[PDB]
K.L.:
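Below you will find the structure I want to go over with you.
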Amino acid sequence: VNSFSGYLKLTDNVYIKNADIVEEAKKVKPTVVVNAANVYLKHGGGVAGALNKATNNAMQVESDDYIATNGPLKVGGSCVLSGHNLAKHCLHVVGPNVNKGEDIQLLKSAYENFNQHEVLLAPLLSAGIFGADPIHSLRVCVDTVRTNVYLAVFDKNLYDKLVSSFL
Ligand SMILES: O=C1CCCN1Nc1ncncc1-c1ncccc1F
Ligand SMILES: [Br-]
């Protein structure tokens, strides 16, 4: 038993809610919140901008030190950093950004990072301003992640479309 509330059960291990991941994190304080990162950990907009804003830019400061030490992530890769006031840890995961022309096949690799954590609060990778088909992203999630994932989808119309079209 865990403390996530109001989620719809899609599969054995995947749950979904129409909610802002920031507000879900502030409520649950999960062990892991997933950020929809880019390879430079530049958290300007989308989910990343929203999470970073809710940390008062502490996420960005920490990320800048990470990049200065380690260099950029790979598309499809991840790193674990602090969750600041939102969660114990933040798993920064880089899905492919179709609006940058990146290879959507890397989306499966991106979701594989979730399997290193028993439970996660996550956004829909590569959707939104990353330009991929959100129905496809949800399909890849369900077919790749084996650990327990609570998906927060902020856009109400999208949430409704995702539930109604789920196979
Ligand atoms: O709705 C969707 C589908 C894909 C990404 N996305 N956005 C979010 N998803 C979960 N929580 C928060 C946001 C969010 N909220 C405010 C500003 C920006 C944001 F990205
Ligand atoms: Br977005």
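FYI, side chains are in, hydrogens and waters are out, and symmetry mates aren't considered; it's all heavy atoms of this structure. Position 1 is the first residue of the sequence, and the numbers go up from there. Whatever order the structure lists ligands and atoms in, that order sets their numbers, starting from 1.
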K.L.:
Within a distance under 4.0 Å of any heavy atom of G128, pick out the atoms of ligand 1 and give their elements.
P.N.:
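It comes down to these atoms of ligand 1: 4 (C).
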
K.L.:
So is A152 in contact with ligand 1, going by heavy-atom distances below 4.0 Å?
P.N.:
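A152 counts as a contact of ligand 1 under the 4.0 Å cut-off.
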
K.L.:
What protein heavy atom lies closest to atom 17 (C) of ligand 1? Include the residue and the distance to one decimal.
P.N.:
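Result for atom 17 (C) of ligand 1: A50 CB, 4.1 Å.
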
K.L.:
So do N52 and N57 actually touch side chain to side chain, heavy atoms under 4.5 Å?
P.N.:
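Yes, at least one pair of side-chain atoms sits under 4.5 Å.
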
K.L.:
Below 3.5 Å, can you tabulate the donor-acceptor pairs from side chains in residues 120-137 to any protein atom, sequence neighbours excluded?
P.N.:
| from | atom 1 | to | atom 2 | distance (Å) |
| --- | --- | --- | --- | --- |
| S126 | OG | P96 | O | 2.8 |
| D133 | OD1 | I135 | N | 3.0 |
| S137 | OG | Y111 | OH | 2.7 |
| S137 | OG | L125 | O | 2.6 |

K.L.:
Can you list everything that forms a side chain to side chain donor-acceptor pair (under 3.5 Å) with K100? Sequence neighbours excluded, please.
P.N.:
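Checked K100 against side chain to side chain donor-acceptor pair (under 3.5 Å); zero matches.
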
K.L.:
Tell me if the NZ atom of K27 is crowded by more than 12 foreign heavy atoms within 6.0 Å.
P.N.:
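Enclosed: over 12 neighbouring heavy atoms sit under 6.0 Å from NZ of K27.
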
K.L.:
Apply side chain to side chain donor-acceptor pair (under 3.5 Å) to residues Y15 and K9 and explain how you reach the verdict.
P.N.:
CA-CA 5 Å; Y15 294 80; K9 184 172 181 62; 2.7 Å; yes

K.L.:
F154 versus ligand 1: do any nitrogen or oxygen atoms come within less than 3.5 Å of each other?
P.N.:
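Right, the criterion is met.
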
K.L.:
Within the 3.5 Å criterion, strictly below it, is a donor on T144 or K108 matched to an acceptor on the partner's side chain?
P.N.:
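Present: a donor and an acceptor within the cut-off.
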
K.L.:
Only heavy atoms of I21, strictly under 4.0 Å: list the atoms of ligand 1 that pass.
P.N.:
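Contacts of ligand 1 toward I21, numbered from 1: 10 (C), 11 (N), 12 (C).
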
K.L.:
For atom 12 (C) of ligand 1, what is the nearest protein heavy atom, given as residue, atom name and distance?
P.N.:
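Atom 12 (C) of ligand 1 sits closest to the protein heavy atom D20 OD1, 3.2 Å.
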
K.L.:
Suppose we measure from atom 7 (N) of ligand 1 to each protein heavy atom; which comes out shortest, and what is that distance?
P.N.:
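The answer is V47 CG2, 3.8 Å.
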
K.L.:
Could you list which atoms of ligand 1 come closer than 4.0 Å to a heavy atom of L158?
P.N.:
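Listed by number with element: 3 (C).
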
K.L.:
As an exercise, identify every atom of ligand 1 less than 4.0 angstrom from a heavy atom of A127.
P.N.:
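It comes down to these atoms of ligand 1: 4 (C).
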
K.L.:
Going by the atom numbers of ligand 1, which of them fall below 4.0 Å from some non-hydrogen atom of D155?
P.N.:
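Heavy-atom distances to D155 below 4.0 Å select 1 (O).
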
K.L.:
Flag the pair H89 / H117 as yes when their ring centroid distance falls below 6.0 Å, and as no otherwise.
P.N.:
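Ring centroids of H89 and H117 are no less than 6.0 Å from each other.
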
